[PDB]
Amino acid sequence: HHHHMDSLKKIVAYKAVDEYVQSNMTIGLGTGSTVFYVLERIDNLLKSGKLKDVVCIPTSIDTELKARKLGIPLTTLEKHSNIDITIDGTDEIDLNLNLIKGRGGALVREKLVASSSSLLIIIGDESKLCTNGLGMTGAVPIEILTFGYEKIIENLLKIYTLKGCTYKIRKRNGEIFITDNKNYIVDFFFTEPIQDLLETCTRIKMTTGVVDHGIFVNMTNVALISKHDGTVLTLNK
């Protein structure tokens, strides 16, 4: 139900802005179709004067372009930067508030900005909420260098918890997808939930050729999940 899903996205997005974003804040902006309504709302409130002195840091080039068209003030991640709040979406989230992210290709700058913020708010419709184990609804992305990427993938497959996976290099329009950071992404697929989750993150990240991966562990402070019945579930660390 497409307008319905849109409305559900809208609801959580408006809520994150209305309830958590304040004037004179620096705000990290996530990526994707849910976050769209975050940009909409922030621009709305800024134009009305309900909000003032709000500057944003974008997690992708897509998000930067959209924000700039709207006229939302933007800055950049410097040594002095500290972000009050980042609002982003996710591809999956469990009841521990651990996330699978990156299916829109923005995972690396999403993690950097989110780790650089006092508060990470993750927003989603109820299909993102996965209560029977992470990693089974789709791609678990890993950003890797273009140079020698197949060798990097073979090395990833040694990791004991990934040895059973299938995988596909990410493609758009029959071309290998290139990230903002000029890397490639390999999607690993799991038929059972990802085992020893934190050890997996660590072994992926320690891999030569790996830039980062789409698993965010112990980073989410708040989640707002919009349910079909009208409700919004708030989850806190």
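Just count from 1 along the sequence shown to find any residue number.
As the entry records it, the average C-alpha temperature factor is higher for 124 to 132, out of 99 to 107 and 124 to 132.
Legend: mean Cα B-factor per stretch from the PDB entry, 148 to 156 versus 72 to 80; the higher mean is in 72 to 80.
Residue-level inspection of the entry shows that, of 41, 205, 171, 182, 171 has the top Cα B-factor. Sort the chain's modelled residues by C-alpha temperature factor and residue 117 lands in the middle third, per the entry. In the PDB entry, residue 200 places in the lowest third of its chain by CA B-factor. Placement of the Cα temperature factor of residue 15 within the chain: middle third of the modelled residues, per the deposited record. Among the modelled residues of the chain, residue 9 sits in the middle third by CA temperature factor in this PDB entry.
Per the deposited record, the Cα B-factor of residue 35 falls in the middle third when ranked against the other modelled residues of its chain.
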